[PDB]
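Below: one structure, written as structure tokens.
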Amino acid sequence: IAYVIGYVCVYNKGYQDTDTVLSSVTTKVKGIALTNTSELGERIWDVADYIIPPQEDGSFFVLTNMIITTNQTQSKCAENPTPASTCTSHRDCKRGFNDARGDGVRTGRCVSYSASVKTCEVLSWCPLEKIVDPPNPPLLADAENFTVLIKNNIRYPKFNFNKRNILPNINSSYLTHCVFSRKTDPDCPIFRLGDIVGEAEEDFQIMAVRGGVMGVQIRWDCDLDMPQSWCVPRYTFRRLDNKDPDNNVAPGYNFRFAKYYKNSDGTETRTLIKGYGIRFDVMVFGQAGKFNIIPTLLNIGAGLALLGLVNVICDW
Amino acid sequence: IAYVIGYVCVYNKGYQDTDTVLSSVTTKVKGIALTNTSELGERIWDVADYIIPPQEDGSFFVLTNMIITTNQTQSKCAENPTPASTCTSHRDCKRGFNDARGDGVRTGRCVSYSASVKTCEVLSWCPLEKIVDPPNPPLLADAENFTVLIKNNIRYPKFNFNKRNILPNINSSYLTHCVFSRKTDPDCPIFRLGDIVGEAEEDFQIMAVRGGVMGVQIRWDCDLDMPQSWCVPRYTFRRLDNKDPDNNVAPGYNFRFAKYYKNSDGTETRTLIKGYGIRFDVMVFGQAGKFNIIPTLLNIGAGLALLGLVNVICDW
Amino acid sequence: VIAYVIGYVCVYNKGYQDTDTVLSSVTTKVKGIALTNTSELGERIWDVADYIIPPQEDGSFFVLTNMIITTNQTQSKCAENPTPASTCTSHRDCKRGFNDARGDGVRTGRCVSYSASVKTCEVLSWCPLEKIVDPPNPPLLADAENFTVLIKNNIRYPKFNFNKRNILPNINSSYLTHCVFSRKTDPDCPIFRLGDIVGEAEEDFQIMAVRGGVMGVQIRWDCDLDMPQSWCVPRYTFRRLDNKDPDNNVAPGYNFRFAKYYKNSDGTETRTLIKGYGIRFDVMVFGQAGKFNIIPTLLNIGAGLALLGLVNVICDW
Ligand SMILES: CC(C)c1cc(Br)c(NC(=O)Nc2cccnc2)c(Br)c1
Ligand SMILES: CC(C)c1cc(Br)c(NC(=O)Nc2cccnc2)c(Br)c1
Ligand SMILES: CC(C)c1cc(Br)c(NC(=O)Nc2cccnc2)c(Br)c1
Ligand SMILES: *[C@@H]1O[C@H](CO)[C@@H](O)[C@H](O)[C@H]1NC(C)=O
Ligand SMILES: *[C@@H]1O[C@H](CO)[C@@H](O)[C@H](O)[C@H]1NC(C)=O
Ligand SMILES: *[C@@H]1O[C@H](CO)[C@@H](O)[C@H](O)[C@H]1NC(C)=O
Ligand SMILES: *[C@@H]1O[C@H](CO)[C@@H](O)[C@H](O)[C@H]1NC(C)=O
Ligand SMILES: *[C@@H]1O[C@H](CO)[C@@H](O)[C@H](O)[C@H]1NC(C)=O
Ligand SMILES: *[C@@H]1O[C@H](CO)[C@@H](O)[C@H](O)[C@H]1NC(C)=O
Ligand SMILES: *[C@@H]1O[C@H](CO)[C@@H](O)[C@H](O)[C@H]1NC(C)=O
Ligand SMILES: *[C@@H]1O[C@H](CO)[C@@H](O)[C@H](O)[C@H]1NC(C)=O
Ligand SMILES: *[C@@H]1O[C@H](CO)[C@@H](O)[C@H](O)[C@H]1NC(C)=O
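Residue numbers (UniProt numbering), protein chains in the order written: chain A, 43 to 358; chain B, 43 to 358; chain C, 42 to 358.
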């Protein structure tokens, strides 16, 4: 008798009708980066430069490192050295054979890539992207000091509940100059990228050399029987990409994009950037419960049946 | 006896095995806007101009107002007036100090922004974006008359159910020239942005002056025991961003993007646009139920146990 | 019925399971090269930076297959396309300032001769207009049939504190370097082929790519945590998501328009408008996991005993 109400009715939440969450997320990134490499000279980077695409709210990408190829035009051209594409004679290379290496469609003739070696001749954007390891340290290290503001609006449809992650006790003056600290400022929604990466027990620079995927998990576990002010979100940070170099393929997170230009004579030129960066995904989940009568009665009946069973067992 | 079957078996849906929904959404926007401001002259806007990014199906952004800065180049330059960045002497400004205001990295020297005042000297894209309130009325007011077509395809995996929001009774001739009216055309999926904003008890112009977030909620609550034709979606519209100027930070919804150009001599120029617009999010949710035997028997047993309990109570 | 309860309700109904949903992240990378040799454009190659718009939309990627290109478009006063609803009989026929829903532009009072035979209302917009021309057949990027896509899915069950990846630990990197997905031969390879994905839905790639369409990759994570961890594997299914009946749907296929902007020496702005038809792949991850519990088991046992009492009473009568 005491056991049923003690555990099944209370801790198991059998007296609760439950619902899931419907959420929307808005992210705004602020920060400025500087680069002083010899190849590019002296350059600054603002919010319109290191975020690709410009608006991907809910999952934003921050550029940290890049490889740039300029003055690329559609032309016949030479492949990079490779044992599987080395040219012994004109009959070695096959015309029209599309390769999976990403160079381009092959032609019958082959040309000398350098004095020492010759390779098959293909038509593509040239000059090709050199196979070079990304620079270390990363070009946009100062991305460690960027800030991100996250605004989350949740709704429980069955209970007709709407909530925001910005508590009503918080004034705008404090939000103007604010930062998230686990011990000092738990209600600030303005996180730091370096802090987010550190909370997962990782170093920002090593991750940003080759990129990676990070995930911000917001948990809305709210009991609507309790007062509304007890409904608060819980923030957790977790890496989402494999680090073992033996099991995964294509470590880190990188992708290629391009800029197109037209010259005076009308010819088209392309600048190809392969960017390595850290992609942050906002993952919102939760479940809410409210008191109900029918589930309570069914659980009480099942508990009484279990009491009858245990009484019968003890009788024997 | 009558109570159990009357309420617990029927209204509580205890005889139902339930499943969630798996949905895909496709949105297409049509409309044309005109602008006749003195700064830009006389310009037209089509679907390829006021949607950024071009394809974000499921959550589309419609530009309504903008601030444009042109001929921005990487150079040493002067900051905007600010009490926290006012220059008293060369020793006042600190070289290499990165600011959170978004201007750029500071240098030791400082220069006169105007005759009256002088500020610290920084290197960034210049000329800077002037701190100017967005124009009122909004530049793209005609965005009130745009139309959006929403196609939603849902599936319940456990029951192997597939459904579309376009009913089979609807012919293409009616869909060619169609609009959504709550009282007249409830099955048309072609909504009007002005109507969507009005259904939330708001004015379109005021919202579009500074932007905001809107949310279209589609509810698929379908009982598969009933015939298939009874499975229809329900559309609701709700604002998702705070309007109180005292609690939220960064009111409205705006973001910055850029266009890059290359001159004949090779120098790079940027045109920075800060755009204010209304972001519509499509939020699809639902739950379906079908008859089952085991849950029915368990509920009948629990009801009989409750009947035994109430009989015992009445005996005492 | 004592046997029946344990045989069916306790075991097959999974009444002894506390259940949780899945929280997933998806990463997609596309590799392939296309060639076009049309007379209008000449001889062009296409890489991963050309046929994917936008460049990063991980979880739902769009692959360009066919396109219509209009060049040298500038803001100017100009003439409309022929149309019975926009044909000009006289200057009083066209109304100035009347915005149309056809997508041409705002109308002006005057009207001009589109050709010698016919005249139409005069509007200000980007010109020359996009000609109303059927998309080329066969599609320009047919070689998109041979592209490959790598899908990496990371799932978590929060209540049970479970984290899993779709790349099994038994798989080595050497096999993943040169790998392809075959239902009968290589079920654990996550490197799919677009042609194979379309074929698994009983469709032809070329016909779909002529006008575009929407495809959906469904990954099912139905894992029983009571069983060992190695039994937790995903199941891949492929389904078309857009209607094919030309009588019920509107705007068949999947296409959208985008633009490129250029600035000339004198400062005037020019636009190149591309209407692209392509196949959009959506990754849809769903699942549910269960683990043993005591309270649900006891409640189900009690309900089964109550049902046993009911059936005994019924048999007595
Ligand atoms: C020329 C080179 C040094 C260079 C310049 C810039 Br600016 C950027 N950054 C961007 O283009 N960001 C961006 C924004 C919006 C859409 N697409 C991309 C890069 Br990666 C390389
Ligand atoms: C020069 C100024 C008057 C101007 C011109 C245009 Br055109 C636009 N619109 C866009 O660039 N839209 C858009 C589309 C695709 C990708 N990125 C942006 C803007 Br906001 C300002
Ligand atoms: C000039 C014409 C032949 C042409 C050239 C190209 Br290159 C492309 N392709 C793209 O522009 N892809 C793309 C990538 C990133 C952002 N926006 C678009 C197209 Br459709 C037409
Ligand atoms: C950038 O580097 C150059 C030489 O490498 C140096 O003269 C200059 O002071 C540097 N600027 C900054 C801001 O570090
Ligand atoms: C980030 O800011 C701190 C404090 O100003 C500074 O010490 C650190 O060097 C900055 N990070 C980088 C990469 O410069
Ligand atoms: C704003 O909120 C902070 C948070 O503690 C508080 O210290 C401060 O007094 C508040 N300001 C006003 C004017 O109430
Ligand atoms: C735009 O404004 C100019 C002057 O401000 C005027 O002459 C012209 O008729 C206007 N055009 C439209 C379409 O309103
Ligand atoms: C939208 O259309 C209506 C009817 O044609 C018109 O009265 C209204 O002015 C239009 N909106 C704007 C912003 O011009
Ligand atoms: C098309 O559907 C509309 C909707 O009511 C109907 O009025 C009309 O008769 C239908 N047309 C045909 C040809 O059936
Ligand atoms: C492209 O077409 C031209 C003529 O139409 C032909 O000369 C050339 O060989 C073709 N190239 C390829 C790679 O098919
Ligand atoms: C795809 O590859 C196969 C095998 O190499 C080839 O037969 C086929 O023609 C290719 N597809 C296209 C569209 O060329
Ligand atoms: C890599 O995995 C494949 C998969 O069967 C296997 O055949 C091969 O022997 C493995 N290589 C090594 C070095 O274990």
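For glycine and all other residues, C-beta sits at the position ideal for the given N, C-alpha and C.
The continuous alpha helix (DSSP H) containing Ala347(A) extends over residues 336-357. At a cut-off of 8 Å between C-beta atoms, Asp184(B) counts as an interface residue with respect to chain C.
Take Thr313(B), set aside five residues on each side of it, and the residues of its chain with a beta-carbon closer than 6 Å to its own are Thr112, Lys301, in chain order. Beta-carbon to beta-carbon, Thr311(B) and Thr115(B) are separated by about 6 Å, close enough to satisfy the 8 Å threshold. Counting along the chain, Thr311(A) sits inside the beta strand (DSSP E) bounded by residues 310-333. When 7 Å is used as the limit between beta carbons, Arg197(A) is near no residue of chain C, the shortest such separation being about 18 Å. Interface residue (Cβ-Cβ distance to chain C less than 8 Å): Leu339(A) is not classified as such.
Relative to the Cα of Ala185(B), the nearest Cα in the group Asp237(B), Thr149(B), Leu165(B) belongs to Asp237(B). Collapsing the DSSP output to three states places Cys51(A) in a helix. In summary, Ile47(C) is exposed, with fewer than 16 beta-carbon neighbours lying within 10 Å of its beta-carbon over all protein chains present.
With its beta carbon at least 8 Å from every one in chain B, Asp91(C) lies outside the interface. Contact check between the stretch 128-139 of chain A and the stretch 148-168 of chain A: three or more CB pairs, one atom from each, fall below 8 Å, which counts as touching. The nearest non-hydrogen atom of ligand 3 is less than 7 Å from the C-beta of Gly317(C).
Scanning chain B for C-beta atoms nearer than 7 Å to the C-beta of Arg298(C) yields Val89, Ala90, reported in chain order. Taking 3 residues as the shortest admissible run, the stretch 73-140 of chain B contains the following complete beta strand (DSSP E) segments, listed from N- to C-terminal end: 75-77, 85-87, 101-120. Contact annotation for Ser166(A) against chain C: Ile74, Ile86, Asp88 [CB-CB distance below 9 Å, chain order]. Between the stretch 236-253 of chain B and the stretch 53-71 of chain A, the count of Cβ pairs shorter than 8 Å is below three; the stretches do not touch. DSSP places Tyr45(B) in the helix class (H, G or I) of the three-state scheme.
Interface annotation, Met268(A): not in contact with chain C, CB-CB separation never under 8 Å. Using a C-beta cut-off of 8 Å, the stretch 93-110 of chain B makes no contact with the stretch 122-138 of chain B, since fewer than three inter-stretch Cβ pairs fall below that distance. Between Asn305(B) and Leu182(B), the CB-CB gap reaches or exceeds 8 Å. The count of Cβ pairs closer than 8 Å, one atom from the stretch 293-300 of chain A and one from the stretch 285-304 of chain C, stays below three, leaving the stretches out of contact.
Within chain A, no residue has its CB atom less than 8 Å from the CB of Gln329(C), the nearest being about 13 Å off. Taking CB atoms only, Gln247(A) has no neighbour in chain B less than 8 Å away. Between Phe203(B) and the set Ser154(B), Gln329(B), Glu241(B), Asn290(B), the nearest pair of CA atoms involves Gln329(B). Nearest to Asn194(C) by alpha-carbon distance, out of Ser101(C), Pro337(C), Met268(C), is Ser101(C). Beta-bridge partners assigned by DSSP to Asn296(A): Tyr318(A).
With fewer than 16 other beta carbons inside 10 angstroms of its own, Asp307(B) counts as exposed. For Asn78(B), the shortest C-beta to heavy atom distance toward ligand 7 is below 7 Å. Beta-bridge analysis with DSSP links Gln58(B) to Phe333(B). Contact annotation: the stretch 340-353 of chain A touches the stretch 339-358 of chain B, with at least three C-beta pairs closer than 8 Å. Not one heavy atom of ligand 5 is found less than 7 Å from the C-beta of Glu244(A). Between ligand 5 and the CB of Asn187(A), the shortest heavy atom gap is smaller than 7 Å. In this structure, the straight-line span from the alpha carbon of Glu81(C) to that of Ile109(C) is close to 11 Å. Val255(B) is a Cβ neighbour of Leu282(B), given a cutoff of 8 Å. For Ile232(C), the secondary structure class from DSSP, reduced to helix, strand or coil, is strand.
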